[PDB]
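Here the structure comes first, spelled out in structure tokens, and everything after it is commentary.
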Amino acid sequence: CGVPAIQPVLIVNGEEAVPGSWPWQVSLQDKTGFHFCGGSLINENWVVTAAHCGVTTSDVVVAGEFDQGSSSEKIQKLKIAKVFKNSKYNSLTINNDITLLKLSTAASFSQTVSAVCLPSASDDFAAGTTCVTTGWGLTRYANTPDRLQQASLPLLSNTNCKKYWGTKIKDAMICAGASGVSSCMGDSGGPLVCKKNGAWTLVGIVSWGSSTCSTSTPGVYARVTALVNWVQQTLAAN
Amino acid sequence: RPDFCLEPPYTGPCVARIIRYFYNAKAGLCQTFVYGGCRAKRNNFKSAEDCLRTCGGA
């Protein structure tokens with residue numbers, strides 16, 4: 001996990017990613033192929049995304065995709081067998097914004113399709129750490145870009161994030177950005193990864209932020225460390 | 001019809017790309033818009049039928 005077969009070379013103001021350099025990135029689409037959210041593969045049978053994306057078993061997980069405008073590109077359209085929404089998700093405060101998707105048929109890992117590592121509940125990723133977020137969300141606050149995008153951004157301390165968002169920032173949230181880039185419509189559920197001993201680890205899940213996708217305001221993500229115990233328990237019981 | 005039918009569509013703070021319907025009083029019909037996934041206002045429906053039955057004629 002966390003080691004791309006194809007090394008990446010480093011969303012508003014982001015840049016085009018190297019084809020297949022973020023193998024855990026999946027696209028969540030409806031029965032017609034309409035992209036509504038991103039997601040991250042944590043192993044061959046499970047995808048982790050945001051609770052607010054409202055995924056159902058009628059939706060599909062598309063893995064190994066780079067250019068959504070390419071009908072030739074080889075991808076994997078995985079059916080969803082069951083959806084596990086964290087019962088703690090607060091539809092009012094948006095806290096505990098995480099959902100797990102169990103695939104009907106396992107994904108066939110390869111050079112362009114693999115898993116991201118999960119952190120330990122006790123991991124501490126310091127403010128200032130340069131992480132990365134990826135997705136097919138809008139590049140300007142408007143249709144989604146065809147090719148997967150990426151952006152490097154810094155994690156922010158809770159104190160610094162609150163200087164802007166105040167008490168809307170809850171215990172299962174972590175902020176990053178306000179550095180010239182911003183997540184935007186279509187990026188939700190996607191990953192915010194940072195290196196842990198060299199392996200890309202899921203530190204956040206794109207959740208919410210500026211109503212205008214401003215690049216000078218903190219982006220908010222679901223804090224995976226505060227939710228990974230729930231993830232592990234869900235896996236073990238299913 | 002309820003007055004919430006006269007409010008413009010609200011995407012919200014979340015960043016998903018979910019197709020929803022809202023009633024456009026100026027045109028007299030329900031149209032699609034992109035919803036962020038959280039904190040929906042009431043002029044936001046999962047189907048065009050729901051929207052017309054609730055806001056039609058507003």
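Neighbour counts are summed over all protein chains in view; Cβ atoms, including those assigned to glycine, are modelled from backbone coordinates with ideal geometry. Values in this text are rule-based calculations from the coordinates and carry no lab data.
With just the Cα atoms defining each centre, how far is region A:35-62 from region A:74-95? Give it in Å.
Between the Cα centres of region A:35-62 and region A:74-95 lies a distance of 6 Å.
Report, please, the projected area of the protein assembly as shown averaged over directions, based on the convex hull of its C-alpha atoms, in nm².
Projected area, direction-averaged: 15.1 nm².
So how many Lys-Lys pairs in chain A land under 16 Å Cα to Cα, not counting same-chain pairs under 8 apart?
9
Rounded to the nearest 500, what is the 222 nm mean residue ellipticity of chain A from helices alone, with -39500 (n - 2.57) per DSSP H run of 4+ residues and division by all residues? The partial results should precede the final answer.
Details: 2 runs with 17 residues, N = 238.
So the calculated ellipticity at 222 nm is -2000 deg cm²/dmol.
Is there a quick way to get the dipole size of chain B? I mean about its Cα centre, with the Cβ of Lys and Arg at +1 and of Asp and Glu at -1; what is the value in debye to the nearest 20?
Using Cβ point charges on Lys, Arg, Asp and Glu, chain B gives about 120 debye.
Which one, A:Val62, A:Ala121, A:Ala17, is farthest towards the positive end of the dipole of region A:1-142 when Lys and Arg carry +1 and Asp and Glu -1 on their Cβ?
Positive-end residue among those listed: A:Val62.
How do A:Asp124, A:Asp67 rank when sorted from fewest to most other Cβ atoms within 10 Å of their own Cβ? Could the numbers behind the result be given before it?
Details: A:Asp124 8, A:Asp67 16.
Listed from fewest to most nearby Cβ atoms, that is A:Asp124, A:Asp67.
Of the trypsin sites (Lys or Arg not before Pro) in region A:70-127, which ones lie in a loop per DSSP and count no more than 14 other C-beta atoms within 10 Å? All intermediate terms of the calculation are to be shown ahead of the outcome.
Working: sites: A:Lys74, A:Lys77, A:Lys79, A:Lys82, A:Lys85, A:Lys88, A:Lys102; in loops: A:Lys74, A:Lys88.
For trypsin sites (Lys or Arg not before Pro) across region A:70-127 that sit outside H, G, I, E and B with at most 14 neighbouring Cβ atoms in 10 Å, the list reads A:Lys74, A:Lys88.
Assigning unit charges at the beta carbon (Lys, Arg +1; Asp, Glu -1) and nothing else, what dipole magnitude in debye, to the nearest 20, does the protein assembly as shown show about its Cα centre?
720
About the Cα centre of region A:1-73, how large is the charge dipole given +1 on each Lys and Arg Cβ and -1 on each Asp and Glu Cβ? Please answer in debye to the nearest 20.
Details: 1 positive and 8 negative charges, 36 e Å.
Using Cβ point charges on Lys, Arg, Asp and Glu, region A:1-73 gives about 180 debye.
So if I take the centroid of the Cα atoms in region A:174-238 and the same for region B:1-17, what is the distance between those two points in Å?
Region A:174-238 and region B:1-17 have Cα centres separated by 25 Å.
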